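# Coordinates only, no sequence provided:
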């Protein structure tokens, strides 16, 4: 076939019931994640090709960057709660990997402040139980698939994208192959 289990995707032996339709995991410490977000714009190109009625979910992970890694998972929860993902994703990536100006929870906070979220509102969210439960959800989803690496994408809790099995000579062509595979898996 043109799409083969074990080539552009793998199947989870242990399928996850009730999982989000399209679920992506990343870390702000993750070098291919930086590429995926700022050079390839994967999440974006996947969206553009998903059929109608399918929602996209993106979660941060704890297993890179130690203490700061967890702060970032909590910050990403804040970003989800306030709906400001598209305002903080780039400066968080560049702050961790490009300028290396993010070294503490306070430095993460500065990124949101500079993005125009009010201090009061950031701190209120940071300390909220709604954000605590969003951190819980991110952890549970990663746990439900025994996640040990990022970037990662899962479709309907049954299929896991496998980008290693795709030609990367051309970045445009890689992105579309990736996106078209998520669409194929989505319609499965």
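That came in fine, so what should we check first? Residues are numbered from 1 along each chain as shown.
# Any idea how many residues pack against residue 19?
Residues within reach of residue 19, counting by other Cβ atoms under 10 Å, total 18. (Each C-beta comes from the backbone N, C-alpha and C, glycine too.)
# what secondary structure does the closest residue to it other than its chain neighbours sit in?
Counting by Cβ to Cβ, 6 or more residues apart in numbering, residue 19 lies nearest to residue 157, which is 2.6 Å off, once chain neighbours are set aside. Going by DSSP: H, G, I helix; E, B strand; the rest coil, the secondary structure assigned to residue 157 is coil.
# For residue 157, give me the backbone phi and psi.
The phi/psi pair for residue 157 (degrees, to the nearest 10) reads phi 60, psi 20.
# And it, how far from residue 177?
Residue 157 sits 22 Å away from residue 177 when distances are taken as Cβ to Cβ, to the nearest Å.
# One more: residue 135?
On the measure of Cβ to Cβ, residue 135 and residue 177 end up 33 Å apart.
# Neighbour count for those two, which is higher?
A count of neighbours by other Cβ under 10 Å puts residue 135 above the other of residue 135 and residue 177, at 20 against 16.
# thought the more buried one was touching residue 79?
No: Residue 135 is not in contact with residue 79 according to Cβ atoms under 8 Å; the separation is 11.7 Å.
# which residues of the chain fall in strands?
Taking DSSP state E as the criterion, the chain carries its strands at 9-11, 22-26, 56-60, 152-155, 159-161.
# got a list of contacts for the second one?
Okay, so that is strand 22-26. Strand 22-26 is contacted from outside by 33, 36-37, 42-43, 46, 50, 54-61, 141-142, 147, 150-155, 157, 182, 186, using Cβ atoms under 8 Å, 6 or more residues apart in numbering.
# Could you tell me which of the residues you listed count as buried?
The neighbour count (16 or more other Cβ atoms under 10 Å) marks 33, 36-37, 42-43, 46, 50, 54, 56-61, 141-142, 147, 150-155, 157, 182, 186 as buried among the contacts of strand 22-26.
# Return the distance of residue 116 relative to residue 124.
Between residue 116 and residue 124 the computed distance is 16 Å (Cβ to Cβ).
# Neighbour count for those two, which is higher?
Counting neighbours by other Cβ under 10 Å for residue 116 and for residue 124 shows that residue 124 has the greater number, 14 against 9.
# quick one: the more buried one from residue 109, how far?
12 Å.
# Likewise for residue 155?
For residue 155, the distance to residue 109 equals 34 Å [Cβ to Cβ].
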